[PDB]
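Novice: Chains as they are written, first to last, in this note's numbering: chain D, 8 to 360; chain L, 8 to 360; chain G, 8 to 360; chain Z, 8 to 360; chain B, 8 to 360.
Ideal placement from N, C-alpha and C gives every residue a C-beta, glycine not left out.
Quick one: this structure, given as structure tokens, is what I'll be asking you about.
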Amino acid sequence: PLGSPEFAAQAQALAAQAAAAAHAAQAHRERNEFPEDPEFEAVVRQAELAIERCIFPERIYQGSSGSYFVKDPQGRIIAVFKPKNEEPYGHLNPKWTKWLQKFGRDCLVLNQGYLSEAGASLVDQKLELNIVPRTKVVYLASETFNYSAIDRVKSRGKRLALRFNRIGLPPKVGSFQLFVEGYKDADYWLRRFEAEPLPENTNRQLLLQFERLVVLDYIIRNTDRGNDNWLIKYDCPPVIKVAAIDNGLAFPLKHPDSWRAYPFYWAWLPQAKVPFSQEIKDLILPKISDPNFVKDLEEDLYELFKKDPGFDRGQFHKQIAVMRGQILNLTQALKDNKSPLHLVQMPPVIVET
Amino acid sequence: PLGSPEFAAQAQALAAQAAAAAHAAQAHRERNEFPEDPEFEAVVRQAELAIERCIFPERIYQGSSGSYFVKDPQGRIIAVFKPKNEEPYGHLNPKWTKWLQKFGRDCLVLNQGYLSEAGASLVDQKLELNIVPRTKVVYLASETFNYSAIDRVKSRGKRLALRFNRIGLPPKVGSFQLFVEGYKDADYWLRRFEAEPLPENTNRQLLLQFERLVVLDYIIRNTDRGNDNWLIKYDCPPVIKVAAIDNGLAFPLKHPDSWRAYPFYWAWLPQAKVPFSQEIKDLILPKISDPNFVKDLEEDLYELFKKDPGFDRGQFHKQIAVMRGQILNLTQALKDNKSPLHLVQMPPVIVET
Amino acid sequence: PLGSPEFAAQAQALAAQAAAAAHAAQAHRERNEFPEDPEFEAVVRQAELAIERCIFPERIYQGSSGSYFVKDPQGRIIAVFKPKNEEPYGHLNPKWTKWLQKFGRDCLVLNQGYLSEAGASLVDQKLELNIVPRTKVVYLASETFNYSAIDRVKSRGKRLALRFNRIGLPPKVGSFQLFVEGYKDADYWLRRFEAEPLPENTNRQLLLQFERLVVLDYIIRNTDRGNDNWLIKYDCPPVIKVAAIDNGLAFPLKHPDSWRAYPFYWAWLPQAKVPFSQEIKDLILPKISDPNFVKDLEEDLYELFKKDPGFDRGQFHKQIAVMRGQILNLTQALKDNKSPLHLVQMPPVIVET
Amino acid sequence: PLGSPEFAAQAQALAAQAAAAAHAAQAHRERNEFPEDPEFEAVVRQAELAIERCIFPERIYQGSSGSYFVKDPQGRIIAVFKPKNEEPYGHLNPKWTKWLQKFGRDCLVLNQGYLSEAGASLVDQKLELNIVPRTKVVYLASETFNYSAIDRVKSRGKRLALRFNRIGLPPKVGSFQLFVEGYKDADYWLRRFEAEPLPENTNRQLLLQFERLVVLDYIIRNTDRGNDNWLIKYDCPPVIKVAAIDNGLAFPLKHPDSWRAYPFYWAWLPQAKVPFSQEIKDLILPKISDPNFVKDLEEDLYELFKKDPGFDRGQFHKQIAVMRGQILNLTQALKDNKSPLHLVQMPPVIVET
Amino acid sequence: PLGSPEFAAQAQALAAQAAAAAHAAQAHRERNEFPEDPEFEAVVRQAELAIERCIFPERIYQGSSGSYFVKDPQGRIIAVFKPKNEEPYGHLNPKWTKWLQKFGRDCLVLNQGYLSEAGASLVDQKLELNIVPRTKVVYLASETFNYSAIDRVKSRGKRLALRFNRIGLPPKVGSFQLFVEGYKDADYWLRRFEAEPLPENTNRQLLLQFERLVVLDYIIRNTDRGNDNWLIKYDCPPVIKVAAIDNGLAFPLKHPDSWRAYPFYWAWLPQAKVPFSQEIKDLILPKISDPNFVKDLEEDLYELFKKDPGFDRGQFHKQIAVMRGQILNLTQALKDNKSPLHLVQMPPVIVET
Ligand SMILES: Nc1ncnc2c1ncn2[C@@H]1O[C@H](COP(=O)(O)OP(=O)(O)O)[C@@H](O)[C@H]1O
Ligand SMILES: Nc1ncnc2c1ncn2[C@@H]1O[C@H](COP(=O)(O)OP(=O)(O)O)[C@@H](O)[C@H]1O
Ligand SMILES: Nc1ncnc2c1ncn2[C@@H]1O[C@H](COP(=O)(O)OP(=O)(O)O)[C@@H](O)[C@H]1O
Ligand SMILES: Nc1ncnc2c1ncn2[C@@H]1O[C@H](COP(=O)(O)OP(=O)(O)O)[C@@H](O)[C@H]1O
Ligand SMILES: Nc1ncnc2c1ncn2[C@@H]1O[C@H](COP(=O)(O)OP(=O)(O)O)[C@@H](O)[C@H]1O
């Protein structure tokens, strides 16, 4: 029916349903569905629930201004939430990027912290490191988040959606990282271990965890890893665990102008001279040296990243080019039984496809 | 020394000191000095003090999103603070006004609520009504006010001024109205009085207070007087007092397009039919019928108003033209022993100078 | 003669001579006169001389693309020259700065490397540290510098100035740092000393030098000090000397967004835990705690900085505000016999005047 | 399958492969393949090879700033390379052409020297003159070419392409003309011949070569032929050869405003009065008087020319119109046994199609 | 006191009074004062008076849409009022003139009808012709004029000026021409006279009047004189009078492109062949041939014309240049006892000063 009334009717079926799909996309996102990870989705519902019952995510007192401790309805801290528009460069929305070079010393993209945060977790899972607490992109509305004067006043009047939902403040997008319990700043424990050495079996464990951290931080090329920035959990009377937690500043789009800037702080630790174990070599090498694994990972990051309103294909390629370079270096250092310290000394490479 | 080296040196004395004055004006304002009213200034210091000791002005739960209960260091509520940039139209700063007509149904100016608030108090004092709690333009900085993401992050780092002041968040300008104790919504009491009439002596008092309210609300042509909006204080075992408290929406720049919109809600009360007393006639008439009193008042409002960044001489004339018209009507109704109700029925006049 | 023919003639004396001064300013700068330091000026003449005789400054092979080893007519390396327009952000000349915020993660100004370079030397002298080899702002023309295609072709034809000078390529402005002989990367020596400890008297010397480095790097808040970046000279059969040499990335305009980025690399050395000596306390404290010394230094930097075409008063204040903050911290740590390591741990302060 | 799923899939086959073709076009060009002339391609590989082994094309000392002597890995000069962006008007890239007339005295196009250079060779081959050394459009990257500050710094970091190529500096496009050995400035020999006349047989040879030069220079209407600009090779104890070498300024788009400007310098030589031989008449006439030969040549030049980013169809027609006019004049002078001198005296014609 | 406090105070006397003068100029104009002609001013007051008492100027039924019959309070027609903004090209206010040539066939200025109207009267008086009824530039406000929707609604609300004037609609500027009684279309009478000739004495009178018309229409170069356009008053049982009444389209800025367009319609009448009398020659020649009279007249028109908001000095010169040309021709034809018909046949001249 190439030019017939039967087809022109079908084209109008598609037209109006595609406009129905495009109208109701924002509501579909703000629903927070994770078919692929029900355990996480549960914790989000729990977060949403305490919000209704009026137990509000509270600002983190000593950290940044942009991060919140999400509480469950009982009162327990269950997650950390960092909203996109509460990041430092949260303004500058009318993308002003193409106007700038058509620059600069900056090596990170402008306002995609929450996506770095989420992407770190995504690389973690793909590599099976389990050091980054599951963290995903999530919508949340709360009295305690930083809204604008207009946003607040608009929201005093009763509003209803249509499925007769009440509408509070506009939900903010951000990273929602699962909170983990009984951990401490890596350096706190690290210096105690210096005073008291650990039983060699336990210490062998700490070292396996630490290697995983190195791998993760090298691939995403974290910009901001201190030794206060990862966490160690350790209880004596016997397991020891690390948690990689502050990954808002990774996935740069070029290696920094000077090598000295943005160092990996763990590279100065004595642990860093210990050559990579076999355990890490056959957990990681089978993956990162398969071109399909890297191809598949790149695409996972593409999907996650595109979500952002400000997404730029040009940037994403630059970002991936850096990562490829890291993967390359890492592969080498893994094949030659080198150590984390050796790895950070290898000259940075970019790989263009 | 009209073109000599002795004078050219004196001109450079003036140049650099006038630039020193213009540099350090913002710090001079944010200091909150009131030579003319030390009692008020004291309460501001007290507000500033609790801020340092970490007793923060808290958001008013049931009212608007833009208003805060300032507390003293003890915990007592001492003032209401409404910041300019937390008003509904707080955005729209790059004055976009001349671009609009060179409009509209709107009869109030855009973002000068705090000045209406302050101006109401200023008219109160000039007329000696003492129904508006002293309220002035004040700078305050606090964790609990609504700042932007940038403003917050910028302020985590230690900053010092130079007289080695610490610098918190940037101080906000707004209205700072003295809080008054033991009052209730005018209509709460008003309906009780209907059930229980008041002793005629007390009732005569309520009526004197009420006349003052009428006068104030008519001259500034309040846009937003409900009967929940003014307050009555009354304790039995014998004085009764009114408080005019929510004057953010007065000093319009034209009479509203339709007379029916923005009514004075007290005009429907039975009290409003009672003709103006002698007490009010010789408290007000000697003032508002002296052209110099009005001239002097206009200039007080000019000085207060100009403070605003968005101030517009064109608007201020329109504003004053309306007020003159009200004063005119009021003068008439006062000379002819008319009642508040009669007064609100008189056709609105504008007076152009 | 306020409006007379005698004065109008004098005003024309000034008009045409001020236009003569403004015409011939560029030639006056490109002359490289240093009344205040004849020893340096000599070395510049020597550099200019080898240029004529065709001994060309050669590109530094392993470093950056923007730096040249200036040779005397004999062949000896006598200076390092880094031209402004060969810096990384050398383009972007039509100042596009005000168009950007009226940003950003960048904490250094755009294209003022040569001035940081020169300013470091200027702070050195003022404090009498003598660890930075004298370095000033200098004009040089050479075949080997990176010119544009036009600049090169234009310069094949014979040109003459008028004092019948020949004109080669257009002279470039940059930093001209005196070359120092027999030094090596600080870490080269530092690790040898670890194998072989130094005689305690010599080692006490190394420590006095090192303190000076700390002081310099903290005040200008160098962004880019590695342990390959300063140099140690040491000959055994007994003095030891440091040279602070790569100061192109100091005088930031804000403390970096994250404390972890741009660390001072010497802070990890064991030397850094040794508390500040008396020798440094009475060489520096008498200076940096006199408000006039700081006032005088600020003005020296102002004069040097303004030279740049892109200079911005707004930036320069931000820059000075940072430095004041450093001076403040430094003063404290010097009074309390603290160590360099303690000093870098003190929270960064900004001081606004 | 005009609107079916089988076809929509095929359209996506084309879409993504055409985008793959368009992505990887620049890499395809920078490869320098000449199926049609393997002997030339070889010399390019040889040039590329010495570049890797670090034998760099060196600047031509006495000529222009834009030309380089390409060396093979042995050290021998094998080619002359003139990059497009090192031509005099190499800037002005954002084509600013249509903005200019919607002018001027200029009769050559702005920045297509390398194409004139290449086109001269292309006309040579088509006419079988063999006086222009084979010269084609070629990409080359080298330390010694004139790059920008950014281009240089960007290229210090290791980069890799993906077929795991290393990436040096960005390759420049230009003309790559085969270097020819043992030649001298035409006038050098020409004046010696005046002192010593040549054996009449040899001299008859010189004259056949010279006619070919005339033909070539007249058709492309070279703008810049001196008598230092073509070369004669001559060895006594017996052949003599000319080489037409500097053809960067031909293919004008109009005849010059004044006939006197841009003369053909050989027209003043005594040789120029000698009428065209039969040898040239039946080598050239059979060609240039066949309309198909001219049609075919025009299309060869079209293909070569379009390569340029700045190409303009409007200009190319004007260019071809001039050439047609020359061909016309030339045909005439060839039919009537006229001499080169007669030919240059014939009034310039333009032929529009 | 050239730079003293005594003078700076006097300069502020001038500043604020000159701003007082400039503020209250519009009110000063809208007052309609004619010191120089009290008889006219009276009739304006009378017009204003009937307006208040609600006897409104009524639209002229058969003429243009822009003209009104002003009535006195009794009901008698006393004047014709043509408002500027009711002319055909009344829009186009934001002068768009300089944007047009930096054109055209149009030979009149855009929207200055009322000034032509007024200027005709002004030329009449200066020459003492007394055929144009006194007409001046006048402000009037009336319900019946054509106002905009906004103008009307704005004016329902009571407004007062400050000398406690009420404010009706905004007053319009226009021409206010005295109405004259018992006249008829010139051609009505003219054709009757053809049937009945007039007594020769009366006819001699008609001819003197007619000459005056010719003079007036030629000098201002009326564009639009029909024979219905001037009026004759004639009563039998003995004077006869003409009235020149519709002069809205004179003072062109160039002679029309074609001579045939805009003819003087009286030129076809038989009267027009009768040579100019002595009476007109010594009433006009003594004037128009004195250069000072013309100089003085030009300045009177300048003053009148400048009033217009759209006034343009460039145009006014062109206008005066045309008139000078007419005066020149007229002078000639008056000296040589020529007739009106001869005069209109003389080629148009422009005279530039
Ligand atoms: N997923 C997590 N589980 C447990 N503790 C966390 C987690 N994320 C952050 N923290 C802790 O909470 C605080 C939050 O700060 P962080 O998220 O690192 O950003 P910043 O310090 O820049 O605000 C830190 O003390 C950190 O140790
Ligand atoms: N100066 C004051 N003294 C005492 N009570 C006040 C004062 N101002 C406001 N209130 C009370 O506090 C609440 C604040 O609301 P208000 O200032 O009227 O603005 P909104 O209701 O629009 O937020 C009201 O309940 C009012 O009764
Ligand atoms: N003033 C100086 N005296 C002696 N050696 C120097 C001096 N400046 C730099 N060098 C040395 O020369 C090289 C130049 O590099 P440098 O100026 O540090 O910048 P980059 O390494 O970024 O090019 C380094 O090896 C350094 O050790
Ligand atoms: N293809 C070639 N073969 C041999 N010699 C050449 C060739 N091209 C140029 N030369 C010689 O090398 C020098 C290069 O200059 P040229 O290419 O003519 O441009 P310019 O003189 O404008 O730089 C000249 O001396 C010329 O004689
Ligand atoms: N000053 C005047 N005195 C007497 N009658 C007039 C006067 N002006 C106009 N009229 C008459 O009133 C009518 C008005 O028309 P007029 O002013 O000529 O312009 P239009 O015909 O274009 O509207 C005409 O009939 C004219 O005869």
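Taking the straight line between their C-alpha atoms, what separation do you get for residue 346 of chain G and residue 76 of chain Z?
Specialist: If you take the alpha carbons of residue 346 of chain G and residue 76 of chain Z, they lie about 60 Å apart.
Novice: So the alpha helix (DSSP H) residue 190 of chain B belongs to, where does it begin and stop?
Specialist: No alpha helix (DSSP H) contains residue 190 of chain B, which DSSP labels as neither H nor E.
Novice: Would you say residue 94 of chain G lies against chain Z (beta-carbon separation less than 8 Å)?
Specialist: yes
Novice: Considering only C-alpha positions, which residue in the set D/348, D/163, D/315 and D/182 is nearest to residue 176 of chain D?
Specialist: Nearest of D/348, D/163, D/315 and D/182 to residue 176 of chain D, Cα basis: D/163.
Novice: For ligand 4, any of its heavy atoms closer than 7 Å to the Cβ of residue 140 of chain Z?
Specialist: Ligand 4 approaches residue 140 of chain Z closely enough that one of its heavy atoms is under 7 Å from the residue's Cβ.
Novice: Between residue 192 of chain Z and residue 248 of chain Z, what straight-line distance do the alpha-carbon atoms span, to the nearest angstrom?
Specialist: 12 Å
Novice: Would the beta-carbon of residue 340 of chain B be found less than 7 Å away from any heavy atom of ligand 5?
Specialist: no
Novice: Along chain D, in chain order, which residues have C-beta atoms closer than 8 Å to that of residue 115 of chain G?
Specialist: 112
Novice: Label residue 189 of chain B either buried or exposed according to how many other C-beta atoms from any shown protein chain fall within 10 Å of its C-beta, with 16 as the threshold for buried.
Specialist: Flag for residue 189 of chain B reads exposed.
Novice: Less than 8 Å between the C-beta atoms of residue 314 of chain D and residue 144 of chain D, yes or no?
Specialist: yes
Novice: Quick one: using the 10 Å Cβ neighbour count with 16 as the cut-off for buried, is residue 86 of chain Z buried or exposed?
Specialist: buried
Novice: Can residue 88 of chain Z be considered in contact with ligand 4, in the sense that its beta carbon sits closer than 7 Å to one or more heavy atoms?
Specialist: no
Novice: Since residue 169 of chain L meets chain G, which of its residues come closer than 9 Å, beta carbon to beta carbon?
Specialist: The contacting residues are 331, 358, 359 and 360.
Novice: Does the separation of the CB atoms of residue 93 of chain D and residue 39 of chain D fall below 8 Å?
Specialist: Taking C-beta atoms as the reference points, residue 93 of chain D and residue 39 of chain D fail to come closer than 8 Å.
Novice: Between residue 324 of chain L and chain B, is there a C-beta pair that is closer than 8 Å?
Specialist: Put simply, the CB of residue 324 of chain L is far from chain B, with every gap to its CB atoms at 8 Å or more.
Novice: Taking DSSP as the reference, what is the three-state secondary structure of residue 96 of chain L?
Specialist: coil
Novice: Among the candidates B/329, B/114 and B/310, whose CA atom is the shortest distance from the CA of residue 122 of chain B?
Specialist: B/310
Novice: Hey, does residue 170 of chain L have any beta-carbon neighbour from chain G nearer than 8 Å?
Specialist: no
Novice: Quick check: residue 218 of chain L and residue 284 of chain L, are their CB atoms within less than 8 Å of each other?
Specialist: yes
Novice: Would you call the segment 302 to 309 of chain G and the segment 266 to 280 of chain G touching, i.e. three or more CB-CB distances under 8 Å?
Specialist: no
Novice: Within a Cβ cutoff of 7 Å, which residues of the same chain sit near residue 65 of chain L, ignoring the five residues on either side of it in sequence?
Specialist: 75, 76 and 151
Novice: Are three or more beta carbon pairs between the segment 179 to 186 of chain B and the segment 89 to 109 of chain B nearer than 8 Å?
Specialist: yes
Novice: Measure the CB-CB distance between residue 223 of chain D and residue 130 of chain D and report whether it falls below 8 Å.
Specialist: yes
Novice: Just list the alpha helix (DSSP H) runs in the segment 194 to 257 of chain Z, keeping only unbroken ones of 4 residues or longer that don't cross its boundaries, in chain order.
Specialist: 207 to 226
Novice: Which residues, in chain order, does the segment 138 to 165 of chain G contribute to contact with chain Z at a C-beta distance below 7 Å?
Specialist: Hits within the stretch, in order: 153, 156, 157, 159, 160 and 163.
Novice: Among the candidates G/316, G/274, G/254 and G/321, whose CA atom is the shortest distance from the CA of residue 371 of chain G?
Specialist: Beyond the ends of chain G as shown, which are 8 and 360, falls residue 371 of chain G; an answer cannot be given.
Novice: Taking buried to mean at least 16 other C-beta atoms within 10 Å of its own C-beta, is residue 16 of chain L buried or exposed?
Specialist: Within a 10 Å sphere around the beta-carbon of residue 16 of chain L sit fewer than 16 other beta-carbons, which makes this residue exposed.
Novice: For residue 268 of chain G, report the span of its beta strand (DSSP E) as first-last.
Specialist: Per DSSP, residue 268 of chain G belongs to no beta strand (DSSP E) and is neither H nor E.
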